[PDB]
Amino acid sequence: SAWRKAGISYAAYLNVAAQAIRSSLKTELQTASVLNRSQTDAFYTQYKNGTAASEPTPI
Amino acid sequence: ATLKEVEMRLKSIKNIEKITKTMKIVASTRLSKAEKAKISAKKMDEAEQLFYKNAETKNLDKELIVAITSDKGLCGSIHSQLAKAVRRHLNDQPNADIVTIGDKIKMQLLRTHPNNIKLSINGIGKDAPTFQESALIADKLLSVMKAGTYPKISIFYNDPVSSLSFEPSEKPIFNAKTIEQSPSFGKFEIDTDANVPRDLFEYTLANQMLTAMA
Amino acid sequence: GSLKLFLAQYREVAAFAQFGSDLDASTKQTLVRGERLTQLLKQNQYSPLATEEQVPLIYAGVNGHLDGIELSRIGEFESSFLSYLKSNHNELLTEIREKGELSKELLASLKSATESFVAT
Amino acid sequence: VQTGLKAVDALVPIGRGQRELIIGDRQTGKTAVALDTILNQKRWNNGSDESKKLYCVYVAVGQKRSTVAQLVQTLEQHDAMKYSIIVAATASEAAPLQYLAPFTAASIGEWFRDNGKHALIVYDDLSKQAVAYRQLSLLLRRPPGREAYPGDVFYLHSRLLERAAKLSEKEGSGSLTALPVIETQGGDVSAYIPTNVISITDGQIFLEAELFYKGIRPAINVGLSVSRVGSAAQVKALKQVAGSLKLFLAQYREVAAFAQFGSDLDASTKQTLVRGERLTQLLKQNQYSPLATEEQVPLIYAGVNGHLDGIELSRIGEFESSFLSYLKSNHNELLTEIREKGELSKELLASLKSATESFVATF
Amino acid sequence: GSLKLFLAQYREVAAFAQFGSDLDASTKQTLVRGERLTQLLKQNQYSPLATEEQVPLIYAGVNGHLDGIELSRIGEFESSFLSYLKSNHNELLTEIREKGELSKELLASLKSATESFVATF
Amino acid sequence: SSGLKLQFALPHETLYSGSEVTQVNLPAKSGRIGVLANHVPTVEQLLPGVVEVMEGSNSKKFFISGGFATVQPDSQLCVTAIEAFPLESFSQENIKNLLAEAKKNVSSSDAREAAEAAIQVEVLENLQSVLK
Amino acid sequence: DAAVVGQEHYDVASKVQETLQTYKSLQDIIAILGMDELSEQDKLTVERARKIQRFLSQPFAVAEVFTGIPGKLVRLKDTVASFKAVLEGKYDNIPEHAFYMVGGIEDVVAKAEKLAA
Amino acid sequence: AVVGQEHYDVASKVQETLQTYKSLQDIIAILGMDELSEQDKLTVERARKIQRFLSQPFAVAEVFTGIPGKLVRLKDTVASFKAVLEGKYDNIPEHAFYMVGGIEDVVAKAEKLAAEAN
Ligand SMILES: Nc1ncnc2c1ncn2[C@@H]1O[C@H](COP(=O)(O)OP(=O)(O)OP(=O)(O)O)[C@@H](O)[C@H]1O
Ligand SMILES: [Mg+2]
């Protein structure tokens, strides 16, 4: 269950718990503020030294 | 210039006015909506930064550069002002690689130094950023970028001085290696068993980034 | 000198910076001096001024002594500047009246007389 | 003068003796307005009282025979010819015929007016008349004015429309209403002819093709359409629910651009959009389907208060159907009291509200 | 074939990229080619070009062999490419001229003649 | 200087800010820790557990996601986390088991995604003990 | 009129007109704010409006020398059935270029499949 | 075939540059230069520099401009604009191009404006 071994950064270690918690509550007391708070549509792309780039992927 | 060409053209300008005039009011709503995400990110920021105050953690004696921008346009001079600040700091350390967050700002620097760019982000200008997204972005900077090795890391964001003026801002991000050499460290009890300095970097890099975007 | 052409180019850069965008020092410097001259051109009706009284005002505008001066004080300044010459350097007024030309000597006596007033 | 058009009798009320102008581009729904009006008269003409009936006089100018033969054939399939007079002036006929048509028909209706009755005459259209008259005037070598129209062209229409009015009690209380039709060229209300007519009439029912395409039929531009007489000639039963309907729609046209933006709109403005979308959807009325005031009030009252806001903007159409049928079986006594009294007492206002909230609930 | 139609799409994309928004692979690909086709059409006065010299140029355009060339290069490219065929692949020019059409064989040779020149320089 | 000023804030909402507290109990990596008025300056990493702010009056207890905790020399503890959770009236047993069970099936799914499942198990199990 | 072309025919025709109208109404937003700013209901409509628009084009046997494509004669009974299907969103997957210069609705699917090769 | 190949090219470049400024004029009054792309924004400034440079003090109109006439030869004019196109004077302020004779006078006038700045 190592997180800093083959898991993710400490920022992600607390992240998984943030969504798990926010999703472990009542569905009635779950404002839309929390919904979009766990939603993201950002993609990252690695570039080279010659303006080159890698295949786009989801964060 | 016939009556019809003037009547058709005069009519399309009027449509534009309605589109812009409404864009402003709609903007006033997203403005207050970003204040709750701005104050909650500053107050929280002061909580973590308070530690670095009482405990000197300055950097003594390859560099990672991150620029916080959006992807949308029609925002005035925001993609020009920031692309100018990073440009000046780039003249002192050209070797220092850059990782801008925004397809828009990307093209700004992609013309001057298409080498330094080795990673970009898209799809953030939409709504207000959250820690859920911020921590995820900072995560890739440690996996494929390996920011832990870089001696000094710099961040670029726009600090709103007023509703009619902005100021480009820069704030360093001290890494693990810089936490040890901190002159005032002994005053704080700590166990060299849970990689406290190691796990502080991977977290500070997330929050500071979130207070920059928000 | 070249006051007409300057103003012509003034409106071009002035109406081009009225968007709110930030400009350089060159355009901004010309934008500050233009505004002072524009306000100086203003004049109430039924208030004719002698050529001798007009000459002094123009001189200050081109040189830039007015630039430092606040924009809302340009009006009071004109009425106060004329009184300064009559009360002090009246000789200059009588010279420009008859002669109608500024010699190389009167040019210097005038400069030292305006500069000294701008400071106070 | 109940036209049977919700968007009309609610927004731009017409009065016996008034001169309301039906101005609009080609193929907009100008004839539809008048045509429905005539059909909506079977509600009184087949009755017994005379001071309530309304004889209709249609003046076909410059229209091909095929069109007239159809226009007539429509009124028959609806049993409207029983009280309609057609003065046909086809385009193939000599110019002067198309010149005298409007005046000829004018007299015919005045008869009713003089004898103490009510007559509705629709000039469709004055635009064609002017063209005819222009032709005669030019051929006779009379001075040409703006757009080739002689100076007496205005004296023509002014001496025609002023013929319709409302006679006093001493004269016979008779009345002659006029609905002149003008065809603009690309919305150009600034043209010569239109400017003349619009200046003489007492209100316009401006129609736009664009509004037509969206679905809003009849496409009556509430913004422009106006009536100088207004409530003076509108049933108080509808006036009590229409006074506010002009308000909401007014603010809706101002905040119509916001509807195109994301949900980032505040709740205040959003509320307006909720109403407007639905209030505009209610005015949409199919052709050849006039409704009596007794059926209009219930629909307007439910709209203004906002009992439809909860209902989908797609089911607004069937809402009218099922709602009317409901009242005519459970609250028939309410409808009939509005038809006879013509007003809404505090008792009815409460009874109507209770019946509405009941149907909206069960819906 | 659809060259005129393509130049129509170009002006469609050229006007839409005015917004100042980034363009994907599709809208930029056609934008790259459409911009060069317009540069290939530019011809100097008093300089009529035979049919055997128009076909080759348009060929390399509609296909996409100029996409990988700078805009200020299209200029000399035309003259250089022509001189290339008149020296080496002149047989083809002679077939296009007489026949006035393109056979299955003529396309093959013409195809290879184009790619071979792109590789040069 | 009497008492200790607490600063419990989140990336979405701030609860306490320069507020005096009698006692606080927040889980640390080394182990469960407590703090009072005067406390030695310690900087420990907070793990997904349960925090409780104590007052002269009945003390409230909220569930924390995780972060860092630092007690400033000037007697000022600062708690930083992501999400927060009220007493118990917020979480539901039924809403937890649904995902909880699905987590064990994530180990069955590809390891890339199962890696995060292992981290969820822990947090979820602790949620059950909060029921008390 | 419904009482002429049929009730079904009128409704389908009216829907097509309303779609093309809103499309032309949002032309000021699709160039000034992009396609992303449009709502979920709007984007879905806009895409369709573009498909129907291109679906209205038809190759004539007379202008075969202009288009190069063989004339195509569509029957009214099939025509209405085609747009109807497209109005219901049954072909929101098919590419727009599959509706440009195409006769019957079957050809749309055939074309969309021939391009994929 | 008359004014020379270079003269033809330099002239054309001046036109294109001026033209591109005109085609975006509508945008400038509405939005501004902030909305202009990096490439477009550079052409504007350059263009505006070329336009101002076109002006020339007239000896006959000295009583209007108050500036002594300036007679410029064709040979120097071509080289002048060509040098501006190459981007060898993008540092010099636009004002220095207004009512200027010889290209040398531009750099001269640019230096005089440094002492006047306070
Ligand atoms: N209220 C309505 N509901 C549905 N369709 C309508 C309505 N009003 C008009 N139409 C349509 O309008 C068309 C004819 O419009 P109309 O005759 O009202 O315009 P017009 O003023 O007569 O134009 P023109 O000057 O060409 O006669 C018909 O095809 C009919 O389908
Ligand atoms: Mg008609």
# chains A, B, ... in the order shown; residues from 1 in each chain; ligands from 1
$ residues_around --residues "residue 291 (chain D)" --least-positions-apart "3" --cutoff "12 Å" --atoms "only C-alpha atoms" --output "number ranges by chain"
D: 2-10, 36-37, 39-43, 283, 285-288, 294-299, 320-321, 324
$ write_last_selection --atoms "N, CA and C atoms" --output "PDB file, in the first residue's frame"
ATOM      1  N   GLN D   2     -62.836  42.110 -30.926  1.00  0.00           N
ATOM      2  CA  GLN D   2     -62.104  40.878 -30.662  1.00  0.00           C
ATOM      3  C   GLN D   2     -61.668  40.188 -31.936  1.00  0.00           C
ATOM      4  N   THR D   3     -60.357  40.117 -32.115  1.00  0.00           N
ATOM      5  CA  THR D   3     -59.781  39.526 -33.307  1.00  0.00           C
ATOM      6  C   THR D   3     -59.620  38.020 -33.145  1.00  0.00           C
ATOM      7  N   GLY D   4     -59.636  37.554 -31.904  1.00  0.00           N
ATOM      8  CA  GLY D   4     -59.447  36.140 -31.638  1.00  0.00           C
ATOM      9  C   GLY D   4     -57.974  35.776 -31.622  1.00  0.00           C
ATOM     10  N   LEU D   5     -57.117  36.785 -31.757  1.00  0.00           N
ATOM     11  CA  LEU D   5     -55.677  36.589 -31.654  1.00  0.00           C
ATOM     12  C   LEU D   5     -55.173  37.000 -30.274  1.00  0.00           C
ATOM     13  N   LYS D   6     -54.564  36.054 -29.567  1.00  0.00           N
ATOM     14  CA  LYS D   6     -54.119  36.270 -28.198  1.00  0.00           C
ATOM     15  C   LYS D   6     -53.092  37.385 -28.122  1.00  0.00           C
ATOM     16  N   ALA D   7     -52.152  37.351 -29.059  1.00  0.00           N
ATOM     17  CA  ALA D   7     -51.071  38.320 -29.120  1.00  0.00           C
ATOM     18  C   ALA D   7     -51.599  39.698 -29.492  1.00  0.00           C
ATOM     19  N   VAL D   8     -52.830  39.742 -29.984  1.00  0.00           N
ATOM     20  CA  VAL D   8     -53.417  41.006 -30.390  1.00  0.00           C
ATOM     21  C   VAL D   8     -54.357  41.564 -29.333  1.00  0.00           C
ATOM     22  N   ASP D   9     -55.405  40.810 -29.025  1.00  0.00           N
ATOM     23  CA  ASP D   9     -56.403  41.247 -28.063  1.00  0.00           C
ATOM     24  C   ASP D   9     -55.801  41.456 -26.675  1.00  0.00           C
ATOM     25  N   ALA D  10     -54.633  40.865 -26.438  1.00  0.00           N
ATOM     26  CA  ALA D  10     -53.956  41.019 -25.157  1.00  0.00           C
ATOM     27  C   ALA D  10     -52.992  42.194 -25.197  1.00  0.00           C
ATOM     28  N   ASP D  36     -58.185  35.917 -39.687  1.00  0.00           N
ATOM     29  CA  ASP D  36     -58.651  35.301 -38.449  1.00  0.00           C
ATOM     30  C   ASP D  36     -59.699  36.189 -37.792  1.00  0.00           C
ATOM     31  N   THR D  37     -59.496  37.501 -37.870  1.00  0.00           N
ATOM     32  CA  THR D  37     -60.418  38.439 -37.238  1.00  0.00           C
ATOM     33  C   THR D  37     -61.837  38.209 -37.729  1.00  0.00           C
ATOM     34  N   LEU D  39     -63.098  35.528 -39.220  1.00  0.00           N
ATOM     35  CA  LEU D  39     -63.584  34.229 -38.772  1.00  0.00           C
ATOM     36  C   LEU D  39     -64.022  34.270 -37.310  1.00  0.00           C
ATOM     37  N   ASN D  40     -63.324  35.061 -36.502  1.00  0.00           N
ATOM     38  CA  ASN D  40     -63.638  35.153 -35.083  1.00  0.00           C
ATOM     39  C   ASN D  40     -64.937  35.898 -34.820  1.00  0.00           C
ATOM     40  N   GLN D  41     -65.655  36.236 -35.882  1.00  0.00           N
ATOM     41  CA  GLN D  41     -66.887  36.997 -35.726  1.00  0.00           C
ATOM     42  C   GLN D  41     -68.141  36.115 -35.710  1.00  0.00           C
ATOM     43  N   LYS D  42     -67.982  34.821 -35.976  1.00  0.00           N
ATOM     44  CA  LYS D  42     -69.114  33.900 -35.917  1.00  0.00           C
ATOM     45  C   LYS D  42     -69.649  33.814 -34.504  1.00  0.00           C
ATOM     46  N   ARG D  43     -68.928  34.426 -33.578  1.00  0.00           N
ATOM     47  CA  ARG D  43     -69.301  34.343 -32.181  1.00  0.00           C
ATOM     48  C   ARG D  43     -70.437  35.307 -31.866  1.00  0.00           C
ATOM     49  N   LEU D 283     -48.239  32.892 -26.874  1.00  0.00           N
ATOM     50  CA  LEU D 283     -48.760  33.741 -27.939  1.00  0.00           C
ATOM     51  C   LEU D 283     -48.802  33.018 -29.284  1.00  0.00           C
ATOM     52  N   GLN D 285     -50.031  31.021 -31.893  1.00  0.00           N
ATOM     53  CA  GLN D 285     -51.371  30.520 -32.127  1.00  0.00           C
ATOM     54  C   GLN D 285     -51.504  30.056 -33.568  1.00  0.00           C
ATOM     55  N   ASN D 286     -52.002  28.838 -33.753  1.00  0.00           N
ATOM     56  CA  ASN D 286     -52.171  28.294 -35.092  1.00  0.00           C
ATOM     57  C   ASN D 286     -53.174  29.097 -35.884  1.00  0.00           C
ATOM     58  N   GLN D 287     -53.050  29.040 -37.203  1.00  0.00           N
ATOM     59  CA  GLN D 287     -53.918  29.812 -38.076  1.00  0.00           C
ATOM     60  C   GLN D 287     -55.311  29.204 -38.157  1.00  0.00           C
ATOM     61  N   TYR D 288     -56.304  30.061 -38.369  1.00  0.00           N
ATOM     62  CA  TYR D 288     -57.676  29.614 -38.515  1.00  0.00           C
ATOM     63  C   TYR D 288     -58.183  29.042 -37.207  1.00  0.00           C
ATOM     64  N   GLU D 294     -63.193  34.319 -23.146  1.00  0.00           N
ATOM     65  CA  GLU D 294     -63.409  33.365 -22.066  1.00  0.00           C
ATOM     66  C   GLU D 294     -62.314  32.300 -22.030  1.00  0.00           C
ATOM     67  N   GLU D 295     -61.635  32.108 -23.159  1.00  0.00           N
ATOM     68  CA  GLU D 295     -60.578  31.104 -23.274  1.00  0.00           C
ATOM     69  C   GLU D 295     -59.183  31.728 -23.231  1.00  0.00           C
ATOM     70  N   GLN D 296     -59.120  33.045 -23.401  1.00  0.00           N
ATOM     71  CA  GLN D 296     -57.853  33.765 -23.374  1.00  0.00           C
ATOM     72  C   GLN D 296     -57.429  34.062 -21.939  1.00  0.00           C
ATOM     73  N   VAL D 297     -58.355  34.609 -21.158  1.00  0.00           N
ATOM     74  CA  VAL D 297     -58.083  34.984 -19.774  1.00  0.00           C
ATOM     75  C   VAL D 297     -57.421  33.855 -18.973  1.00  0.00           C
ATOM     76  N   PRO D 298     -58.024  32.652 -18.990  1.00  0.00           N
ATOM     77  CA  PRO D 298     -57.441  31.514 -18.265  1.00  0.00           C
ATOM     78  C   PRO D 298     -55.986  31.230 -18.652  1.00  0.00           C
ATOM     79  N   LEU D 299     -55.641  31.423 -19.922  1.00  0.00           N
ATOM     80  CA  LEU D 299     -54.286  31.148 -20.400  1.00  0.00           C
ATOM     81  C   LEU D 299     -53.308  32.244 -20.005  1.00  0.00           C
ATOM     82  N   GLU D 320     -52.233  24.209 -23.451  1.00  0.00           N
ATOM     83  CA  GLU D 320     -53.422  24.973 -23.798  1.00  0.00           C
ATOM     84  C   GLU D 320     -54.603  24.047 -24.090  1.00  0.00           C
ATOM     85  N   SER D 321     -54.356  22.993 -24.864  1.00  0.00           N
ATOM     86  CA  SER D 321     -55.404  22.042 -25.237  1.00  0.00           C
ATOM     87  C   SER D 321     -56.051  21.408 -24.011  1.00  0.00           C
ATOM     88  N   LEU D 324     -57.881  23.912 -21.466  1.00  0.00           N
ATOM     89  CA  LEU D 324     -59.188  24.416 -21.875  1.00  0.00           C
ATOM     90  C   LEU D 324     -60.256  23.337 -21.708  1.00  0.00           C
TER      91      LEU D 324
END
$ residues_around --residues "residue 56 (chain E)" --least-positions-apart "3" --cutoff "10 Å" --atoms "only C-alpha atoms" --output "number ranges by chain"
E: 51-53, 59-61, 78, 81-82, 85, 92-93, 96, 110-111, 113-114
$ write_last_selection --atoms "N, CA, C and O atoms" --output "compact mmCIF listing (two decimals), in the first residue's frame"
# COMPACT_ATOMS: atom_id res chain seq x y z
N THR E 51 0.72 24.88 -70.72
CA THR E 51 -0.07 23.91 -69.98
C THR E 51 0.82 22.89 -69.28
O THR E 51 0.54 22.45 -68.16
N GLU E 52 1.92 22.53 -69.95
CA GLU E 52 2.87 21.55 -69.44
C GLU E 52 3.63 22.07 -68.22
O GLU E 52 4.36 21.31 -67.57
N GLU E 53 3.46 23.35 -67.90
CA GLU E 53 4.16 23.96 -66.78
C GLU E 53 3.20 24.31 -65.66
O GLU E 53 3.62 24.59 -64.53
N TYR E 59 -0.14 20.33 -59.34
CA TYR E 59 -0.06 18.97 -58.82
C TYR E 59 0.57 18.96 -57.44
O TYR E 59 0.00 18.43 -56.49
N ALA E 60 1.75 19.56 -57.34
CA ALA E 60 2.48 19.59 -56.08
C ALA E 60 1.76 20.42 -55.02
O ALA E 60 2.14 20.41 -53.86
N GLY E 61 0.74 21.16 -55.43
CA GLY E 61 0.02 22.01 -54.49
C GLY E 61 -1.17 21.31 -53.87
O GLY E 61 -1.27 21.19 -52.65
N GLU E 78 8.98 27.54 -57.85
CA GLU E 78 8.33 27.38 -59.14
C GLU E 78 9.37 27.33 -60.25
O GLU E 78 9.41 26.37 -61.03
N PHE E 81 11.75 24.25 -59.94
CA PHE E 81 11.11 22.98 -60.26
C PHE E 81 10.97 22.80 -61.77
O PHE E 81 11.20 21.72 -62.30
N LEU E 82 10.60 23.88 -62.45
CA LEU E 82 10.44 23.85 -63.91
C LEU E 82 11.77 23.51 -64.58
O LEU E 82 11.83 22.62 -65.43
N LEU E 85 12.55 19.80 -64.42
CA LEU E 85 11.88 18.92 -65.37
C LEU E 85 12.40 19.10 -66.80
O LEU E 85 12.58 18.12 -67.52
N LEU E 92 8.17 13.50 -69.66
CA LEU E 92 6.83 13.65 -69.10
C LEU E 92 6.15 14.91 -69.62
O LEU E 92 4.99 14.86 -70.05
N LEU E 93 6.86 16.03 -69.57
CA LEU E 93 6.32 17.28 -70.10
C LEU E 93 5.84 17.10 -71.54
O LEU E 93 4.85 17.70 -71.95
N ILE E 96 2.38 14.99 -71.44
CA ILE E 96 1.30 15.85 -71.01
C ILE E 96 0.90 16.81 -72.12
O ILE E 96 -0.29 17.05 -72.35
N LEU E 110 5.24 10.92 -62.88
CA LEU E 110 5.04 12.27 -62.38
C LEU E 110 5.08 12.31 -60.87
O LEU E 110 5.57 13.27 -60.27
N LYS E 111 4.53 11.27 -60.24
CA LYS E 111 4.54 11.18 -58.79
C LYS E 111 5.98 11.13 -58.29
O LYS E 111 6.37 11.91 -57.42
N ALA E 113 8.72 11.93 -59.81
CA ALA E 113 9.51 13.09 -60.20
C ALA E 113 9.35 14.22 -59.19
O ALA E 113 10.28 14.99 -58.95
N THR E 114 8.17 14.29 -58.58
CA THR E 114 7.87 15.33 -57.60
C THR E 114 8.60 15.07 -56.28
O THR E 114 9.34 15.93 -55.79
$ residues_near_ligand --ligand "ligand 2" --cutoff "8 Å" --atoms "only C-alpha atoms and all ligand atoms" --output "list in words"
residues 27, 29, 30, 31, 32, 124 and 125 of chain D
$ write_last_selection --atoms "C-alpha atoms" --output "compact mmCIF listing (two decimals), in the first residue's frame"
# COMPACT_ATOMS: atom_id res chain seq x y z
CA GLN D 27 -45.11 36.67 -46.59
CA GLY D 29 -48.71 36.98 -41.80
CA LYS D 30 -50.49 40.26 -42.51
CA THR D 31 -53.58 38.70 -44.05
CA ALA D 32 -53.64 36.04 -41.32
CA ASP D 124 -55.33 44.66 -48.57
CA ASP D 125 -53.40 46.38 -49.69
$ select_by_dssp --residues "chain F" --states "helix (DSSP H, G or I)" --output "ChimeraX atom specification"
/F:93-108,111-130
$ interface_residues --of "chain B" --to "chain H" --cutoff "12 Å" --atoms "only C-alpha atoms" --output "list in words"
residues 13, 16, 17, 20, 72, 73, 74, 75, 76, 77, 78, 79, 80, 81, 83, 84, 104, 105, 107, 108, 109, 110, 111 and 112 of chain B
$ write_last_selection --atoms "N, CA and C atoms" --output "compact mmCIF listing (two decimals), in the first residue's frame"
# COMPACT_ATOMS: atom_id res chain seq x y z
N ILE B 13 -22.76 45.85 -36.44
CA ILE B 13 -22.04 46.50 -35.36
C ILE B 13 -22.91 46.54 -34.11
N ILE B 16 -22.79 43.34 -32.30
CA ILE B 16 -21.55 43.22 -31.56
C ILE B 16 -21.63 43.95 -30.22
N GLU B 17 -22.21 45.14 -30.23
CA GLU B 17 -22.40 45.92 -29.01
C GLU B 17 -23.21 45.16 -27.97
N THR B 20 -20.95 42.32 -26.57
CA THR B 20 -19.93 42.81 -25.65
C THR B 20 -20.55 43.40 -24.39
N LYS B 72 -8.43 31.21 -23.04
CA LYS B 72 -9.37 32.09 -23.72
C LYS B 72 -8.72 33.43 -24.04
N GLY B 73 -9.35 34.18 -24.93
CA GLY B 73 -8.85 35.49 -25.31
C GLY B 73 -9.79 36.57 -24.85
N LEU B 74 -9.72 37.72 -25.50
CA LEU B 74 -10.57 38.85 -25.16
C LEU B 74 -10.46 39.17 -23.68
N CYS B 75 -9.23 39.29 -23.19
CA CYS B 75 -9.00 39.59 -21.78
C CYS B 75 -8.08 40.79 -21.60
N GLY B 76 -7.83 41.51 -22.68
CA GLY B 76 -6.98 42.68 -22.63
C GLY B 76 -5.51 42.33 -22.84
N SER B 77 -4.66 42.84 -21.95
CA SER B 77 -3.22 42.59 -22.04
C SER B 77 -2.73 41.68 -20.92
N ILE B 78 -3.20 40.44 -20.93
CA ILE B 78 -2.81 39.48 -19.90
C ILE B 78 -1.84 38.44 -20.45
N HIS B 79 -1.98 38.12 -21.73
CA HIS B 79 -1.07 37.17 -22.36
C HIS B 79 0.16 37.88 -22.92
N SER B 80 0.19 39.20 -22.80
CA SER B 80 1.33 39.99 -23.28
C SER B 80 2.20 40.45 -22.11
N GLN B 81 1.54 40.83 -21.02
CA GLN B 81 2.23 41.32 -19.84
C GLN B 81 3.04 40.21 -19.18
N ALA B 83 3.91 37.30 -20.66
CA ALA B 83 4.86 36.82 -21.65
C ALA B 83 6.05 37.76 -21.76
N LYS B 84 5.95 38.93 -21.13
CA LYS B 84 7.03 39.90 -21.14
C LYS B 84 7.87 39.78 -19.87
N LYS B 104 -2.60 29.20 -24.78
CA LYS B 104 -2.55 30.59 -25.22
C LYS B 104 -1.20 31.23 -24.95
N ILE B 105 -0.76 31.18 -23.69
CA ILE B 105 0.54 31.73 -23.32
C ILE B 105 1.65 30.94 -24.01
N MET B 107 1.98 29.75 -27.08
CA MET B 107 2.32 30.33 -28.37
C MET B 107 3.08 31.65 -28.22
N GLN B 108 2.87 32.33 -27.10
CA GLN B 108 3.54 33.60 -26.83
C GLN B 108 5.04 33.42 -26.69
N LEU B 109 5.43 32.41 -25.93
CA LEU B 109 6.83 32.13 -25.66
C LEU B 109 7.36 31.10 -26.65
N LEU B 110 6.45 30.35 -27.27
CA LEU B 110 6.82 29.31 -28.21
C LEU B 110 7.50 29.91 -29.44
N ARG B 111 7.37 31.22 -29.59
CA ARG B 111 7.97 31.93 -30.71
C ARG B 111 9.38 32.40 -30.36
N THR B 112 9.55 32.87 -29.13
CA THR B 112 10.83 33.38 -28.65
C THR B 112 11.81 32.25 -28.27
$ residues_around --residues "residue 88 (chain H)" --least-positions-apart "4" --cutoff "12 Å" --atoms "only C-alpha atoms" --output "PyMOL selection string"
chain H and resi 46+79-84+92+103+107
$ residues_around --residues "region 13-20 of chain H" --least-positions-apart "2" --cutoff "8 Å" --atoms "only C-alpha atoms" --output "PyMOL selection string"
chain H and resi 9-11+22-24+43-44+46-48+50-51+81+85
$ write_last_selection --atoms "N, CA and C atoms" --output "tab-separated table (two decimals), in the first residue's frame"
chain	number	residue	atom	x	y	z
H	9	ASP	N	10.80	45.48	-55.23
H	9	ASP	CA	10.53	44.65	-54.06
H	9	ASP	C	10.33	45.47	-52.79
H	10	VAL	N	11.18	46.47	-52.59
H	10	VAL	CA	11.07	47.33	-51.42
H	10	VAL	C	9.73	48.06	-51.42
H	11	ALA	N	9.37	48.62	-52.56
H	11	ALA	CA	8.09	49.32	-52.69
H	11	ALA	C	6.93	48.39	-52.33
H	22	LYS	N	-4.35	48.58	-42.61
H	22	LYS	CA	-5.66	49.10	-42.98
H	22	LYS	C	-6.73	48.03	-42.79
H	23	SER	N	-6.40	46.80	-43.16
H	23	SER	CA	-7.34	45.69	-43.06
H	23	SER	C	-7.69	45.34	-41.61
H	24	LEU	N	-6.89	45.81	-40.66
H	24	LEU	CA	-7.15	45.52	-39.25
H	24	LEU	C	-7.64	46.76	-38.52
H	43	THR	N	3.66	44.21	-37.15
H	43	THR	CA	3.46	44.81	-38.47
H	43	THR	C	2.81	46.19	-38.39
H	44	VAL	N	1.86	46.33	-37.47
H	44	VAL	CA	1.21	47.61	-37.21
H	44	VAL	C	2.25	48.69	-36.88
H	46	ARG	N	5.45	48.77	-37.15
H	46	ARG	CA	6.33	48.95	-38.30
H	46	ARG	C	5.63	49.77	-39.37
H	47	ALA	N	4.39	49.39	-39.66
H	47	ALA	CA	3.57	50.10	-40.63
H	47	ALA	C	3.45	51.57	-40.23
H	48	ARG	N	2.98	51.82	-39.02
H	48	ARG	CA	2.83	53.18	-38.52
H	48	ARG	C	4.13	53.96	-38.63
H	50	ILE	N	6.40	53.42	-41.04
H	50	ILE	CA	6.57	53.69	-42.46
H	50	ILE	C	5.70	54.85	-42.93
H	51	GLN	N	4.46	54.89	-42.44
H	51	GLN	CA	3.53	55.96	-42.78
H	51	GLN	C	4.07	57.33	-42.36
H	81	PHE	N	13.84	52.89	-46.61
H	81	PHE	CA	12.70	52.04	-46.28
H	81	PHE	C	13.14	50.59	-46.16
H	85	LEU	N	12.36	47.97	-43.24
H	85	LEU	CA	11.71	46.68	-43.44
H	85	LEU	C	12.50	45.56	-42.77
$ residues_around --residues "residue 53 (chain A)" --least-positions-apart "4" --cutoff "12 Å" --atoms "only C-alpha atoms" --output "PyMOL selection string"
(chain A and resi 44-49+57) or (chain B and resi 114-115+117-120)
$ write_last_selection --atoms "C-alpha atoms" --output "compact mmCIF listing (two decimals), in the first residue's frame"
# COMPACT_ATOMS: atom_id res chain seq x y z
CA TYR A 44 -1.10 17.64 -20.76
CA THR A 45 1.41 17.48 -23.60
CA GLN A 46 5.16 17.01 -23.47
CA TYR A 47 7.17 19.12 -25.93
CA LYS A 48 10.68 18.72 -27.36
CA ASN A 49 13.54 21.13 -28.04
CA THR A 57 -3.16 12.53 -22.68
CA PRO B 114 10.44 26.98 -28.47
CA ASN B 115 13.19 24.97 -26.78
CA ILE B 117 8.94 24.57 -23.47
CA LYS B 118 8.71 20.87 -22.61
CA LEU B 119 5.19 20.67 -21.21
CA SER B 120 1.89 22.55 -21.47
